[PDB]
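Residue numbers (the deposited numbering), protein chains in the order written: chain B, 21 to 72, 92 to 202, 213 to 396, 402 to 428, 438 to 489; chain A, 21 to 72, 92 to 202, 213 to 396, 402 to 428, 438 to 489; chain C, 21 to 72, 92 to 396, 402 to 428, 438 to 489.
Notes follow once the structure below has been shown.
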Amino acid sequence: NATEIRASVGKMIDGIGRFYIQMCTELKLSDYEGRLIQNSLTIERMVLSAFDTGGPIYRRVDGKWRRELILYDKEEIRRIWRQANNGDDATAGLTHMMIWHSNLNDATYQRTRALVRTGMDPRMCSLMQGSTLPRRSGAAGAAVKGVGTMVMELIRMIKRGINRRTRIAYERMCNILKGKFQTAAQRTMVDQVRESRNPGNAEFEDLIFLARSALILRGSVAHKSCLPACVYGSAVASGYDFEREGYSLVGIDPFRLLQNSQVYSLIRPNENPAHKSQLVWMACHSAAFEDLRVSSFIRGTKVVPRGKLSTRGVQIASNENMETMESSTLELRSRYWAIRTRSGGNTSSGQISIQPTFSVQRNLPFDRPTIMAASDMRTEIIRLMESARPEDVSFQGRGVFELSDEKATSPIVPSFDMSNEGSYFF
Amino acid sequence: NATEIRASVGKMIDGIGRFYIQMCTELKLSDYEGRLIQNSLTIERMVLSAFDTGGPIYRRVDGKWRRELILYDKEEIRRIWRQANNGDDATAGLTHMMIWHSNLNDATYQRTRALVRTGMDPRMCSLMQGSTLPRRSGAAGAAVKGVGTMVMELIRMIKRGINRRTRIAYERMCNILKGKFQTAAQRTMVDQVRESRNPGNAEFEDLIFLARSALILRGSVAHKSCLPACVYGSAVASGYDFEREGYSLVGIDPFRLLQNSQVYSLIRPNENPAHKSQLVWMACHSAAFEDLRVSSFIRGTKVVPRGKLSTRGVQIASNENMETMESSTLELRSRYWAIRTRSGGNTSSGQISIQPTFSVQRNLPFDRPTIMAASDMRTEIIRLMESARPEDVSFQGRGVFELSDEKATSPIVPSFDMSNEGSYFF
Amino acid sequence: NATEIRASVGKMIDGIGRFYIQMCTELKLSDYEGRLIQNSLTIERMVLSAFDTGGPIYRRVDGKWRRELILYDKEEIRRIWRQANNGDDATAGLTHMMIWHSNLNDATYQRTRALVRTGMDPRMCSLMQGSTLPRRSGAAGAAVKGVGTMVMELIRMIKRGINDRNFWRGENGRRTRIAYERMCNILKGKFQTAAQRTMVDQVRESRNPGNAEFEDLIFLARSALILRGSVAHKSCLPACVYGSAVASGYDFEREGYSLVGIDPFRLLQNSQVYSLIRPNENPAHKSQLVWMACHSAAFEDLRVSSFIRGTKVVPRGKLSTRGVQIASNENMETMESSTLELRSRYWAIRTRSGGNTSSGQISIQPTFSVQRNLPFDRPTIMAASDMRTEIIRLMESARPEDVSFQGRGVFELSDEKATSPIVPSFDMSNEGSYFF
């Protein structure tokens with residue numbers, strides 16, 4: 021329905037938050053510690069197992104930090120979770136922590152070892168979103184997944200095929226991939242990719258092509274800002290009623306929530322605080338294969354690439370020691386906010407060119423595509448790819464908003480006429 | 021030659037002034053009530069109607104505004120008019136308000152219903168400059184017309200016919226049409242169209258093409274800064290004797306005049322004044338299809354897009370009531386000014407590139423546009448269309464002038480590296 | 021290895037100096053006369069005319104100056120050469136003179152005359168470096184020459200065989216072809232992109248070179264405007280300076296010298312070099328010229344040019360001076376001699392690369413709804438005469454805003470061992486880096 025959705029989401033988050041709140045009291049944490057992202061992470065991963092347990096719990100002993108492990112009964116955690124949710128099974132709740140964990144991963148690591156051994160250009164990481172998402176992730180999990188993530192799955196099954214419940218799986222899993230594509234070519238060929246009875250290279254050779262094309266004729270991939278538990282829990286404990294107030298993953302809601310939240314993280318000597326923050330941030334808004342330029346523009350501060358960055362990860366390994374360990378204050382804010390999308394280009403009822411009224415030095419705007427945009440798929444796709452240039456402006460009319468601008472009503476469009484600071488996170 | 025052109029057009033401006041004053045003196049309006057763009061409009065239309092009647096006239100009583108519905112001897116109006124122009128007809132004068140109305144309509148409204156019903160793409164807004172402008176408009180009245188404007192006509196003239214003296218029209222209407230284009234093929238292809246006596250879908254389909262070619266290879270369309278009658282009336286009354294002191298519609302004259310105008314406007318209860326002024330300002334210069342970036346640059350303040358604009362129209366409909374009605378003072382001043390042009394822009403000595411002699415970090419310069427510069440007349444254009452980039456700089460060297468810079472002496476070049484707000488008013 | 025080079029360099033430098041001295045000591049010159057740029061050029065010429092002789096030798100009669108069309112016995116000059124040069128044939132040295140000239144030539148005359156002539160676009164100066172350099176110059180000669188010049192010489196032959204005297208036929212024809220190939224390989228060598236390079240091979244593989252082949256080279260030449268070629272820049276100085284330098288007993292053979300390091304600037308720094316200048320010219324405008332010629336910064340970004348030097352380096356079209364040498368057709372009583380401003384605040388290293396264009405991203409995925417362009421490495425994705442269609446891509450991908458030589462900067466004359474890079478902030482609206 022209309023308002024119905026927001027209430028559902030609100031309620032779900034309300035259950036996550038209400039739940040974390042409890043686990044902290046159970047574990048008898050402090051206010052600070054409960055706000056520790058490393059802690060939060062452990063809790064989430066317990067509940068997730070609780071339905072599929093132990094984890095490291097960092098605390099602060101008078102003086103310094105200590106790492107204590109804890110074991111629980113997967114049905115004990117499994118029931119306490121049902122309380123915070125008022126009894127009913129919260130699958131969206133859990134599936135939500137999965138997407139988050141995923142965004143954190145998609146930003147933390149560059150899955151290339153998985154790609155190489157699949158026969159996929161190791162540089163296609165742009166298409167590899169949600170390639171970590173568990174097999175149980177909701178139907179909203181698929182929407183977060185990308186093309187590569189979808190092709191690799193289809194291919195891995197070819198390796199298992201070439202070398213009844215699967216035939217179905219295949220076509221469905223294939224259909225997903227079809228939907229993310231928005232051109233008639235990309236789509237039609239996907240069918241052709243599945244009309245085949247066997248899993249030959251006649252297919253692999255095809256699926257790698259779509260993926261390829263999907264780098265300029267991208268599809269539609271969901272971006273849902275999913276923050277960590279402690280953020281929510283801290284909001285629920287604060288007294289914010291999410292369901293009655295309603296909540297959105299694509300709206301300002303999450304942006305202005307972080308403006309009020311305060312999450313801490315363990316940083317290890319010779320690591321950059323500002324850089325740790327930056328990382329969690331990008332994961333909070335699923336913004337890893339996002340244009341470094343716009344992200345830095347929203348963040349209000351330089352978003353360094355994955356190289357000039359000053360961190361090796363978020364989770365503390367088992368081997369790492371607690372005596373060379375510190376905590377810092379994360380900075381999950383931003384000068385502005387912006388609506389997350391699930392679209393990747395558009396090929402209206404609006405203008406397309408500018409009629410000049412004055413005599414000045416001015417690049418005259420026209421939408422190259424839509425203007426000039428008037438039995439074999441491999442060839443037809445090439446035709447479309449040729450006439451596609453990076454300079455092309457997308458999302459005409461859309462811009463960034465102010466957080467004070469509760470309702471998206473006064474958009475701010477950035478116009479980087481500057482250096483190629485570097486738009487590629489990897 | 022600043023004698024005829026600058027002073028003869030001054031004389032046409034004096035007429036409108038003088039007349040507006042006379043006509044205000046009849047209605048026995050006040051000063052504040054003669055500065056009401058609302059009343060001014062009504063008067064302007066009373067006249068154009070009579071030379072080719093009554094209207095809505097708003098009055099000011101203690102507190103609230105009273106709308107009077109009045110009627111005048113269609114001939115009396117014609118009488119008072121000539122009285123002001125020395126018993127002349129001054130078609131120019133009527134044509135002038137004929138445009139002021141046009142330029143206001145091309146900015147207040149989007150004429151999609153008509154484009155589509157003609158078989159033109161709704162996204163061809165930037166080409167419909169002066170679609171509202173009665174055919175009665177003069178010769179220097181059609182020069183203001185966009186390429187797309189002409190096409191909608193011929194297509195209807197043709198569509199009903201293909202579905213005596215009417216011929217000389219068609220050829221001329223094309224010659225004008227052709228005189229909009231400023232490139233070989235463009236020019237030549239128009240002729241290939243003007244060849245058929247009974248031009249059917251052959252032409253119907255071809256001009257539509259050429260319509261779209263102008264989206265990229267624009268034509269020459271004049272822009273005329275035509276202010277409301279009240280502004281000229283007030284100016285004349287203030288002593289300005291334009292026929293003697295000279296006046297322009299594409300120079301600094303119109304901006305300067307608007308730098309002192311005291312124009313008021315009726316404004317609905319929930320409407321935004323700042324937003325209202327914007328509208329009128331864009332009608333004063335035919336900036337309804339200009340690049341918002343530049344409009345705001347010259348304007349001095351944000352030039353918000355049509356959608357985000359809070360207003361339905363400057364004229365007040367018979368439907369509305371006066372109880373909940375009030376009036377604001379229109380902000381028509383601008384920061385700089387610019388030579389309203391006619392040209393649509395288009396794309402060999404000295405070096406075009408650099409050659410590094412030292413080992414020093416810097417960009418390596420080169421003239422990209424110059425360098426990349428490297438049957439069916441359609442083809443010719445389509446080929447030209449292609450090499451064209453939206454970033455392609457036009458009016459090279461042309462700039463903006465300060466409002467002190469009376470002469471066109473020192474130009475100013477705008478740099479758009481900036482957090483802009485769009486480029487397409489529509 | 022590395023210590024060697026500088027030796028030979030010095031060895032060569034030394035020879036040269038030792039020579040110009042003998043020439044002065046000959047013409048019974050003075051410290052002054054032997055430092056006047058115009059006099060130096062005349063010498064060097066004669067030193068070259070002797071290895072395939093006369094020139095105007097300048098003297099000063101207090102109040103005005105003197106010309107003396109000196110005709111020195113050819114074979115004798117080439118004999119004093121080996122003397123001053125330990126009885127080694129310093130051919131490299133003689134090549135040094137040649138280049139000095141080429142570099143002073145590109146810095147003065149715009150070679151359009153020849154470009155439109157061979158059909159090349161008149162706007163290819165950026166490419167015609169080292170073009171006036173005769174064939175008589177070896178590998179050194181070529182490294183210096185650029186894409187424009189290489190294309191020009193190739194087009195010259197392509198066409199010369201269209202008049203066709205059996206140009207590419209017969210015993211001699213086959214010998215020419217060999218040459219034509221060499222030149223094709225020289226061009227190909229300078230290219231950094233395999234596309235260009237591979238496309239050179241496609242042209243030299245023809246045996247009836249005509250318009251086809253011709254237009255492909257004009258093509259390859261445009262590309263060098265943006266996909267920079269790899270050219271060699273050296274620092275060659277009038278031997279009058281080398282004379283004064285050995286004067287101090289500065290043994291370059293020991294102290295070492297270089298043509299891409301600080302050493303060239305070290306000399307020009309402490310060096311007294313005059314030049315005759317006619318009225319109605321800015322005596323600093325000649326300085327720029329000679330200075331430029333000395334470093335070959337004729338097609339260098341005027342910014343990095345005006346920065347590398349203390350003063351503001353103005354383009355040709357506002358440089359009031361018609362060259363170093365003087366014609367015989369006009370008044371010589373108005374010749375104001377002046378001292379050349381051949382100094383610089385900072386010195387930078389000359390390079391070869393044109394800065395031409402791991403497993404990271406290649407495209408971007410929109411997260412936020414914001415009007416922006418969606419970047420993607422077009423070349424690498426579209427990698428699926439092809440060379441003509443593909444080079445366009447690379448060109449299509451380049452941007453003038455692209456930064457090259459990331460990590461290198463300008464150095465101070467106090468940093469004799471390039472170590473403290475001063476990477477400048479350039480764009481201050483004084484952008485007109487196109488000397489021509």
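Even for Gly, the Cβ is constructed at its ideal location relative to N, Cα and C.
Check                                                                                                              : Outcome
Nearest to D455 of chain A (by Cα), restricted to the options A:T411, A:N395 and A:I475                            : A:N395
Of the residues C:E380, C:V299 and C:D290, the one placed nearest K325 of chain C, counting alpha carbons only     : C:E380
Amino acids of chain B, ordered along the chain, whose beta-carbon sits closer than 9 Å to that of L266 of chain C : Simply none; closest approach about 17 Å.
Contact list for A336 of chain A against chain D, beta-carbon separation under 7 Å                                 : Of the protein chains in the structure, B, A and C, none is chain D.
Identity of the residue in B:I25, B:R99, B:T23 and B:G37 nearest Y313 of chain B by Cα                             : B:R99
With 16 other Cβ atoms within 10 Å as the buried cut-off, status of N205 of chain C                                : exposed
Selected residue, minimal CA-CA separation from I406 of chain C, among C:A387, C:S383, C:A427 and C:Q415           : C:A427
Cβ-based burial, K273 of chain C [other Cβ within 10 Å; buried from 16]                                            : buried
Pick from A:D439, A:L259 and A:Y40 that is closest to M159 of chain A, judged by C-alpha positions                 : A:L259
For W207 of chain C, the three-state DSSP class (helix, strand or coil)                                            : coil
Contact under 8 Å by Cβ, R243 of chain B with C223 of chain B                                                      : yes
Euclidean distance between Cα positions of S269 of chain C and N250 of chain C                                     : 26 Å
With 16 other Cβ atoms within 10 Å as the buried cut-off, status of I197 of chain B                                : buried
Reference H334 of chain A; option with closest CA among A:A22, A:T390, A:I316 and A:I445                           : A:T390
Short-range partners of chain B found in the region 448–472 of chain A, where Cβ spacing is below 9 Å              : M448, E449, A451, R452, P453, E454, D455, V456, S457, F458, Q459, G460, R461, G462 and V463
Interface flag, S482 of chain A vs chain C, CB-CB below 8 Å                                                        : no
Assigned secondary structure, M189 of chain C (DSSP; H/G/I helix, E/B strand, else coil)                           : helix
Top-ranked residue by Cα proximity to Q235 of chain B, from B:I217, B:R214, B:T215 and B:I257                      : B:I257
Buried versus exposed, by CB contacts within 10 Å (16 or more), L306 of chain B                                    : buried
Short CB-CB distance (under 8 Å) between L341 of chain A and chain C                                               : no
Span separating the alpha-carbon of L68 of chain C from that of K113 of chain C                                    : 10 Å
Beta-carbon separation (whole angstroms), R384 of chain C vs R348 of chain C, contact threshold 8 Å                : 7 Å
Exposed unless 16 or more other CB atoms sit within 10 angstroms - verdict on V155 of chain A                      : exposed
Bridge partner(s) assigned by DSSP for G93 of chain B                                                              : B:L110
Sheet register partners of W139 of chain C (DSSP bridge)                                                           : According to DSSP, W139 of chain C bridges with nothing at all.
Integer-rounded CB distance, given that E107 of chain C should sit under 8 Å from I119 of chain C                  : Wrong, their Cβ atoms sit about 19 Å apart, outside the cutoff.
Under 8 Å between C-beta atoms of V343 of chain B and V414 of chain C                                              : yes
Three CB pairs or more closer than 8 Å across the region 28–45 of chain A and the region 272–289 of chain A        : yes
Helix, strand or coil at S457 of chain A according to DSSP, with G and I counted as helix                          : strand
Listed by chain order, chain C residues near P419 of chain B by CB distance under 8 Å                              : Those do not exist, as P419 of chain B stays about 11 Å from chain C at its closest Cβ, beyond 8 Å.
Proximal chain C residues relative to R389 of chain B, where beta-carbon distance stays under 8 Å                  : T411, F412 and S413
Interface flag, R162 of chain C vs chain A, CB-CB below 8 Å                                                        : yes
Environment of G460 of chain C [buried if 16+ CB atoms lie within 10 Å]                                            : exposed
Beta carbon proximity, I225 of chain B to chain C, threshold 8 Å                                                   : no
Sequence-distant residues of its chain with Cβ nearer than 7 Å to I116 of chain C (five each side left out)        : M66, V67, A70 and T92
Within 8 Å, strictly: CB atoms of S345 of chain B and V352 of chain B                                              : yes
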